[PDB]
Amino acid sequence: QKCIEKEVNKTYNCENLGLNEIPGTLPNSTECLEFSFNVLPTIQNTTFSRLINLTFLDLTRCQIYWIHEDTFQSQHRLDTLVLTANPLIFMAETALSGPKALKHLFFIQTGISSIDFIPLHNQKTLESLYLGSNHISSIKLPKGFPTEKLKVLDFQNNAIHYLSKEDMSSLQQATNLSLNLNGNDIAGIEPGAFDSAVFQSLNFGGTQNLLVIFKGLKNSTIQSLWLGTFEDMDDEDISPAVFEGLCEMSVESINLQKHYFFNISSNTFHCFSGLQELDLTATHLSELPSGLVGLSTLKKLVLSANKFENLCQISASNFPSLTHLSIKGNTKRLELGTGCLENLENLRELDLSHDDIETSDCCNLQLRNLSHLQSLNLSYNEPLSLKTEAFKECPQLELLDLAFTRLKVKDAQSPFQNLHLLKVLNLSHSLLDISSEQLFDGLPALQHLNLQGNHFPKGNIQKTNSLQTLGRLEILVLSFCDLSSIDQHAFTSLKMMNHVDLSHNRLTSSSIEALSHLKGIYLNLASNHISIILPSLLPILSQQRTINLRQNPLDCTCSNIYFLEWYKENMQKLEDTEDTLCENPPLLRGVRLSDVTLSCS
């Protein structure tokens, strides 16, 4: 009443319509059916039998109690089946006989206590099984169920407290398997259960005894081992002894978010020497001591959401090899100090966002000796003052993010001087005066400039301006800049622009003239003051690839007839035509231009 046609003859959204059967009007060609929140107490061989082409079927929370014999008989092409949140009493042996090539099965919160609820003997190529939020107490798969193709096995939020050798043997044929045991408190692991085990991901989130984990995982090889906990768990402190078993396994990446380390000292991490990445998010760190051992070949470190007072309190000498450091969302003001990171010779990425950082001189002292640095994030901080050449210490920089950080720059100063490799610069809501004309000197390679929410004198972009020197610029964002006008020669020297966002300003059609030299662009003119678009502008629009004119006070009178005809013939080229409406005459106010046909002289 009625299903939403998302793609003609292919994809239908029937959610929340209180339906008791597939609508007669759904075509036989349907491939993607979104049927969640309907009412199907029993499903059976007649239910879906005409929908022979389904590849995706979502029956989330459809009040299904019964799946009778041959229910999916016609779904030979089924790739994904979602049966989440149905109060299932029984599933017939031959229910899944049809979808022999099924890849992904979601059986979350179906009230089951065992995988043998689900007769899976017809699924020889399954890739994903999601069994979260049930009564399950064992990871063991049904004997003879093929696992060669299994990549994701997910048991989040179950009643699994023990992993046996026999449990694990049921998984041996899979390769690069990810096993999600998040929300299962592991009380024991059978010694030898993890002999020669290989996993892509292994998640034991929220588990209450880490000693059991590190001992139990002896001999396994794991890419990402997720051992974080949560705010609603009342976890015991981590004692140094807990990490001993890590000596007898191979792990690339470990997450320990929200834990509390008791008695942090020089040897606590000795067993971490093989680790490539360590994430210590929100672990109540107010400092780390130096002389810490076991972390000197670590590449990636996360110390976000902690409570350092000073960047020097992280003791960077511990991590000579780092290529990535994140320390974002520090719960106090992070004082940056001087050369506090100078040790990090090979640092390539630094994230210091949301750190309440405050300084009236930046950033050569703070970033001292970080000359391999390629990406810097200083977004969402307090006001920063930048003198000319403020990033002298980081000449190889390719991305610089200062979004939502107010910037204080003096007249004719060039803070980005000598950043000859910078490709991406985000200055959203930095509140710079963009008429300061040395502003962007030293940026020959810049391709992407985001200037959303900055300031232009009198809301005009002048014929000569600070953007002119940016010869390789491809992407320019000038939305929310309170622009009234753009001089027709403002952009003439920017010949490689292909994405120009001028949305949420007060522009008229005269602004289009500034794009006459460009072809094939994306041009966003949404939420401006465009009304009439005269014939002499139409060749400029015809030149572009996509144009967004939604939420403009478009004129739907004969005075705008050439644009209105152009619009009907150029629907390919137009984005959001559904929100592109007439302002006048009053009769046509709020009517889509796509629904207007005038007769003029």
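Each residue number is its position in the shown sequence, starting from 1.
**Student:** Averaging the C-alpha B factors as listed in the entry, name the stretch that ends up higher: 25 to 33 or 536 to 544.
**Tutor:** Stretch with the higher mean C-alpha B-factor: 25 to 33.
**Student:** I need to verify one thing: averaged over C-alpha atoms only, is the B-factor higher for 377 to 385 or for 110 to 118?
**Tutor:** Of 110 to 118 and 377 to 385, the stretch with the higher C-alpha B-factor average is 377 to 385.
**Student:** Maximum C-alpha temperature factor per the entry, among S138, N343, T229, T94, belongs to which one?
**Tutor:** Spelled out: the listed residue with the top C-alpha B-factor is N343.
**Student:** Looking at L303, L494, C247, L352, which has the biggest Cα B factor in the entry?
**Tutor:** By C-alpha B-factor in the record, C247 ranks first.
**Student:** Taking only the Cα B-factors deposited for this chain, tell me whether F261 sits in the lowest, middle or highest third.
**Tutor:** Answer is highest: the recorded C-alpha B-factor places it there.
**Student:** In terms of the CA temperature factor given in the entry, to which third of its chain does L202 belong: lowest, middle or highest?
**Tutor:** According to the entry, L202 has a C-alpha B-factor in the chain's middle third.
**Student:** Within this chain, which third does the Cα B-factor at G453 fall in: lowest, middle or highest?
**Tutor:** According to the entry, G453 has a C-alpha B-factor in the chain's middle third.
**Student:** State the tercile, meaning the lowest, middle or highest third, of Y130 with respect to the CA B-factors recorded for its chain.
**Tutor:** Ranked within chain, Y130 CA B lands in the lowest tercile.
**Student:** Lowest, middle or highest third: which one holds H499 when the chain's residues are ordered by CA B-factor from the entry?
**Tutor:** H499: CA B-factor falls in the lowest third of its chain.
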